[PDB]
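Quick setup: one chain, the form deposited in one PDB entry, written in structure tokens, and binding and motion questions come after.
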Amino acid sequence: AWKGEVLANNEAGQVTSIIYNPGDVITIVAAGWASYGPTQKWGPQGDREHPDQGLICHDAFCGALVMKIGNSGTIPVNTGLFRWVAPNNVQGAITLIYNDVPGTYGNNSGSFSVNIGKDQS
């Protein structure tokens, strides 16, 4: 299992120690408060009122937690995943990333605390 923090201001995101292999069932729980710029902060689902101005993940709100598995496209995580299995041909290290527009992470603040484990299967 892996536990760590993902910084909102890190465009590169956080590479975890989890390698997702074919058939793996995983659980993720994410918590905390972060911002893509404003003084206010949002949880791991991000800001439901904010427009998509070129987010790294178009399937989640700005300020949401997302991930990549290997070099996959971004996949929404939000508050977490419950006994979840990845699509065909998706595999590799899990990287966690704050959802913002490339080049604009500099004014971000806060972080999410995240646990990831593999489940019985």
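Basically, rigid core = biggest C-alpha set you can superpose within 1.5 Å across the two forms. Residue numbers run from 1 along the displayed sequence.
Discussion item. Please tell me which region, 82-90 or 22-30, has C-alphas lying farther from the displayed form on average in 9 other deposited structures of this protein, with superposition done on the core.
Written reply: Between 82-90 and 22-30, greater C-alpha deviation in 9 other deposited structures of this protein belongs to 82-90.
Going by the mean C-alpha B-factor recorded in the entry, which is higher: 82-90 or 27-35? Comparing 82-90 with 27-35, the higher mean C-alpha B-factor belongs to 82-90.
Taking the entry's C-alpha B-factors for this chain, is residue 53 in the lowest, middle or highest third? It falls in the top third of the chain.
B-factor third for the C-alpha atom of residue 62 within its chain:
Middle third by C-alpha B-factor.
- Rank-wise, by C-alpha B-factor, drop residue 12 into the lowest, middle or highest third of its chain. Top third by C-alpha B-factor.
Chain thirds of CA B-factor: placement of residue 72: Within its chain, residue 72 is a highest-third residue by C-alpha B-factor, going by the deposited values.
Chain third (lowest, middle, highest) by recorded CA B-factor, residue given as residue 115: Lowest third, going by the recorded CA B-factors of the chain.
Heads up, the form solved in complex with a small molecule isn't pictured, but that's what we're talking about next.
Review point. 59, 73 and 90: each with a heavy atom within 4.5 Å of the small molecule in the deposited complex?
Key: Yes, because 59, 73 and 90 each have a heavy atom that approaches the small molecule to within 4.5 Å in the deposited complex.
*asked:* Check residue 84 for me: does it contact the small molecule in the deposited complex (non-hydrogen atoms, 4.5 angstroms)?
replied: Residue 84: contacts the small molecule in the deposited complex.
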